[PDB]
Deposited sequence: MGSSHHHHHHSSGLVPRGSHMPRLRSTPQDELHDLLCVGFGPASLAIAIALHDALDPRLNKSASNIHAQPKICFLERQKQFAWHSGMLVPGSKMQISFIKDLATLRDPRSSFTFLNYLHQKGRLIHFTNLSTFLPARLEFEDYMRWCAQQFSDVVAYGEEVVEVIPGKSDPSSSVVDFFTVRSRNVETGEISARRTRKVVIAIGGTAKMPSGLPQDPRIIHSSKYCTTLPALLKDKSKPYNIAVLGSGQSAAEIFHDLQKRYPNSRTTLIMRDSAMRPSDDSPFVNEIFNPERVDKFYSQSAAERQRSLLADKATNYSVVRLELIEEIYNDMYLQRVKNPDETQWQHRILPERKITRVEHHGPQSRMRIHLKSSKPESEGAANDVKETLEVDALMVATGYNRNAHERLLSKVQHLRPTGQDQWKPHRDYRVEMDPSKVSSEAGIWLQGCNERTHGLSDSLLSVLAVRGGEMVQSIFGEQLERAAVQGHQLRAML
């Protein structure tokens, strides 16, 4: 894909260059490839596209690239295969380019290491370096008129200098993932670290791996369990405590009929349901969110707990402990003492002294609201929320916005499009749909 000059009026600008935007770039590449679409042989003009990414290079959840962590999803659900297995951007073709395809085949697994899947996506992203501006953190999207709004100005701050630059585009995609969700009761402190900063921030805080640190973990989903488990290996003499509101870690549902909710063609079914039915369906399938844990990991943690029981029958004396049905009422963290004191109570309708508290409570996916505040008056009268259509384009007042201008949301549409919306599950197929939604008419010539 060839670059567009910074000051030209773009056809599409995408905010963020994680897997969701990367899937759009790949699908646009594939749509322009005469090998993949026969009609693309007669397309001599590439749309003017640009991506703004805050990081200095492509990276995927590097704070949680914990040792031995695996993908939670089959590699067939990579960024291209479910749309076109012939794509050059498939995981298997990436392995072939690295000389690793037979070696991966002998693993007999559908679940690559997360480190490996990140490298796969890094390898894909490098092929889009002419249209990705790294180190650009978008701060706002502003209306533009050339009395109907027909373009948008996207302002971004360069991470190295702090300077604000502006780009004009007819269409915008917001694909910025999630922001760390912290319980409101917790204070800010270098010893309280969210799961998104585990690998990147915790080793600097606790530098001596042999010290008997007391480390608490708040949560009961996949990241909490991974952090609890990894800490016991990384700090072999530590005392770790898992604080959970629930009565037990719960396994993710890997059964085949249930997992059909992640099928790409199921987005059509989910979207067509009423709000009441969508709301309840998202709970009747709670057992496959990031609120649950891979069975294998639950079993490994249980086995580790059992071995403590063999050595000592008194669970309160264990080096590593799980405290179910608890909530944090208070954190004391002021003073020269290097440990904080955490006060715990039952979560139905006790104090720890810790060197650190890892908080694995997931993410908010509302950061697009701040970015879009200066265009929210273009929504239909009476709307206080952005409403995405089936093709992820947000509803606009047609008398205020030209039909050739628009804004799409990616990754924050679980309520309308289903649990798969924030995952890798449907990115390949969705990237293709996005190309048809945004560029279809333009590509028709």
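Residues 1 to 23, 170 to 173, 377 to 386, 483 to 494 of the deposited sequence have no C-alpha coordinates in the structure.
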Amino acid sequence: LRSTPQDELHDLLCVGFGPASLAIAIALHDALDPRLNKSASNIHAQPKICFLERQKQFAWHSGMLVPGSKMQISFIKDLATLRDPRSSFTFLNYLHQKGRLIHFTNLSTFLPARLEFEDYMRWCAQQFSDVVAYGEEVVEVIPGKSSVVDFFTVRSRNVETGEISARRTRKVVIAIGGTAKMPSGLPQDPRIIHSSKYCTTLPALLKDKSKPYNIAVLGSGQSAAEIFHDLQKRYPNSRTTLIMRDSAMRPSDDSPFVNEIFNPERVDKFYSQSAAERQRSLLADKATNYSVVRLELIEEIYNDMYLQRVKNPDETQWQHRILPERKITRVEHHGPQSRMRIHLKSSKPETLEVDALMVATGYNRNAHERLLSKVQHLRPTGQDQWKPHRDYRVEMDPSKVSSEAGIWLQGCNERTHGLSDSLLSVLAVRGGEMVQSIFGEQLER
From here on, numbers count along this sequence of modelled residues.
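If you superpose the two forms and keep the largest set of C-alpha atoms that fall within 1.5 Å, you have the rigid core.
Of the two segments 98 to 106 and 317 to 325, the one whose CA positions lie farther from the displayed form in 6 other deposited structures of this protein, once all are superposed on the rigid core, is 317 to 325. Remark: when the other structures in 6 other deposited structures of this protein are fitted onto this one via the rigid core, 333 to 341 deviates more than the alternative among 333 to 341 and 240 to 248, judged by RMS CA distance. Compared with other entries of the same protein, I43 falls in the group left without coordinates by at least a third of them, where both flanks are modelled. With 206 to 214 and 357 to 365 compared on mean CA B-factor from the PDB entry, the stretch scoring higher is 206 to 214.
As recorded in the PDB entry, 180 to 188 is the stretch of 99 to 107 and 180 to 188 with the greater mean C-alpha temperature factor.
Comparing C-alpha B-factors across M71, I261, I76, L283 in the deposited entry, the largest value falls on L283. Per the deposited record, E332 carries the highest C-alpha B-factor of all listed residues (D84, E332, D230, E118). For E53, the recorded CA temperature factor ranks within the lowest third of the chain's modelled residues. Ranked within its chain, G418 lands in the lowest third, by CA B factor from the PDB record. Ranked against the other modelled residues of its chain, the C-alpha B-factor of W60 as given in the entry falls in the middle third. In the deposited entry, the Cα temperature factor of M249 places it in the lowest third of its chain's modelled residues. Sort the chain's modelled residues by C-alpha temperature factor and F270 lands in the middle third, per the entry.
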